[PDB]
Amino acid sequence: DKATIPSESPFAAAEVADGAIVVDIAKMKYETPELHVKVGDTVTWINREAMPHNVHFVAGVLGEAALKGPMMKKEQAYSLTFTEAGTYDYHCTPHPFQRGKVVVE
């Protein structure tokens, strides 16, 4: 796999780690739809809305399996630690019109 998952379930926005690279989910979009990070960085998405959201990477992107992240309620967060360079497209499972990518270099 090209990322590790610190927590399989969401956690409170207040618990975001030092040095995490935050992507807000606000106004029904990933507010940073193209994020550039380095190997070893942890990206944390934070849902700021009442509607739940996740991040979903199809098979072959983060690794062999799809990664269907857990649904984040309002003011919850979810992280991925990227361990290899690449370009990692994702969408929101219930809202597939909501798309983003993480470029790891």
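Start at 1 and count along the sequence shown; that's the residue number.
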If you average the Cα B factors in the entry, which is higher, 77-85 or 16-24?
16-24
Assert higher mean C-alpha B factor (52-60 or 27-35, deposited values) equals 27-35
Taking the entry's C-alpha B-factors for this chain, is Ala3 in the lowest, middle or highest third?
highest
State the tercile, meaning the lowest, middle or highest third, of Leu67 with respect to the CA B-factors recorded for its chain.
highest
